[PDB]
């Protein structure tokens, strides 16, 4: 069994012209890549080439107007780049942003293709800018195009329209864009765990609550696991996976698993305030590998402590390669509010999933 890896240094060119120290740094992906080399993980993987997504591929999820506007940023003057960035919630743009976003999506397309055609069993994509806040018609939260959602649609386009795709989003923030793109869809099961705080955490919408279960034929195929009341870690994520993510995922029986793998719930993250450990992320990865004949693609989203994300994603790759899961700490008892959250989600999703 072969693990694939895609990384292209050109995705470092997207940058914040107003604040060179903004945490969504080019060095996020180069530090992760260097750690894969130091831990001798990189040489164990099949190297998947990056490529640009095409505009027809972007149109699987995004409107013609959104694609055109972001594409035009490649040729804008600084004053226009500044004005364009201000037309979105939490976006900075440079002349290289569009190309980097194309590279991030196209890299994931090549990895999903490699997985689905049997060239590799599973794969990891070290990409930026991230994707899961991007909506059909707008950029948001450092995301221009929704890489994970696009990869699900691309995978369906090269197999069959009904290919069952699971997206697990363990970035600390809700993937509002991914939820909305698939809200009415029963072919793509979206499961997000995220810091919620009764709506007082980015992206600041009640769409992230546990009672948003999907719409129409998609009812039951949107699973929000919202955390409230302080710092969650390995015990809470392991419990949510044990009682919610994996039972629902097994009943759905995905043919492809995409992980929106932000590492901003990691211990040490300056923005997330949580303390999932690298061993925790290894155990989450190892559980997902029991799905979909092992067809798992791990896609970088957020995560802003350079050392934490480098250790955390390297631990995921080590699991994909088949290494034994590392020992976890003594798991402290579940925090009270996490028990509440799990009970709320179970109650909301019991109508739809007999295994609950």
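The term rigid core refers to the maximal set of C-alpha atoms that superpose within 1.5 Å between the two forms. Numbering follows the first chain given and starts at 1.
Stretch comparison, 222 to 230 versus 106 to 114: after rigid core superposition, larger RMS CA deviation in 9 other deposited structures of this protein is found for 222 to 230.
Compared with other deposited structures of the same protein, residue 41 does not meet the criterion of being unmodelled in at least one third, since all of those that resolve residues on both sides include it. Residue 299, modelled here, also has coordinates in every other compared entry of this protein that models residues flanking it, well short of the third needed to call it frequently missing. Two stretches are in play, 16 to 24 and 343 to 351, and the higher mean C-alpha B-factor belongs to 16 to 24. Look at the C-alpha B-factors of 197 to 205 and of 172 to 180. On average they run higher in 197 to 205. If you compare the C-alpha temperature factors of 264, 96, 236, 255 in the entry, 96 comes out highest. Ranking 231, 132, 160, 286 by the C-alpha B-factor listed in the PDB entry places 231 at the top. Placement of the Cα temperature factor of residue 146 within the chain: lowest third of the modelled residues, per the deposited record. In the deposited entry, the Cα temperature factor of residue 311 places it in the middle third of its chain's modelled residues. Looking at the C-alpha B-factors along this chain, the one for residue 122 belongs to the lowest third. When the modelled residues of the chain are ordered by C-alpha B-factor, residue 84 sits in the highest third. Ranked by C-alpha B-factor against the other modelled residues of its chain, residue 138 falls in the highest third.
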